[PDB]
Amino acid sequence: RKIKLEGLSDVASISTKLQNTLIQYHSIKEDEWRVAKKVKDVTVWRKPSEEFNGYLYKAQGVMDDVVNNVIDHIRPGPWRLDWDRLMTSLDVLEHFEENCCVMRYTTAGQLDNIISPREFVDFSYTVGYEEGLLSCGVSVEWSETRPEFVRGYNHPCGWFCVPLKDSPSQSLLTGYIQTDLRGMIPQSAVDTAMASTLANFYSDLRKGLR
């Protein structure tokens, strides 16, 4: 049922479904998660994806900054490209509303180029969640833009960012990532690179926020 954003109703349908989906992921109990990587500043879990032959990842860690500045740096635009070492380019393709867009980005090779570069075209939506924000996304069709690499597929994904309990100048950041790199890659390489991607996200974002 792959996604074309041809009208207002398409953007409304996909936005609300993404929100409900990410919220459901956020309610998945700890028993369903297996630890993929654990260090002092971040934990990364995985579980089998219901969308494709691969994993849904979860990550959780604290950022020494408030929700608005964290989510500003994660959302599609030049700031995200600034700190995210995995990204080699990023172009927002169309502005739907202040909180809603379609973008393309390309990734560097991973695991000393075992995993070749990819590009993605993703719908992106930011909406209020509890005391914080949710910023979520999914790959969509967009044939107007000149491709450079084989397109990967981002199944529903996103970032929950809320004030840290008892300490509002800090934020609890929870991510869900469900990327299909596609092409032919040893699954062991894929799983290593994905767990690494989520861990590096946090350490890169920490530096980027300064």
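Numbering starts at 1 and runs along the sequence shown.
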Exercise. State which stretch shows the higher mean Cα B factor in the entry: 14 to 22 or 182 to 190.
Key: 182 to 190
Quiz item: Of the two stretches 135 to 143 and 120 to 128, which shows the higher Cα B-factor on average in the entry?
Solution: 135 to 143
Quiz prompt | Largest Cα B-factor, entry values, listed residues 58, 151, 155, 37 | solution = 151
Practice problem: Please pick out which of 111, 101, 86, 74 has the largest Cα B-factor as recorded in the entry. | Solution: 111
Exercise. Place residue 172 in the lowest, middle or highest third of its chain's C-alpha B-factors, as listed in the PDB entry.
Key: middle
Quiz item: Relative to the other modelled residues in the chain, which third contains the C-alpha temperature factor of residue 63: lowest, middle or highest?
Solution: middle
Practice problem: Rank-wise, by C-alpha B-factor, drop residue 69 into the lowest, middle or highest third of its chain. | Solution: middle
Quiz item: When the modelled residues of the chain are sorted by Cα temperature factor, does residue 44 land in the lowest, middle or highest third?
Solution: lowest
Quiz item: Can you tell me which third, lowest, middle or highest, the CA B-factor of residue 9 falls into for its chain?
Solution: middle
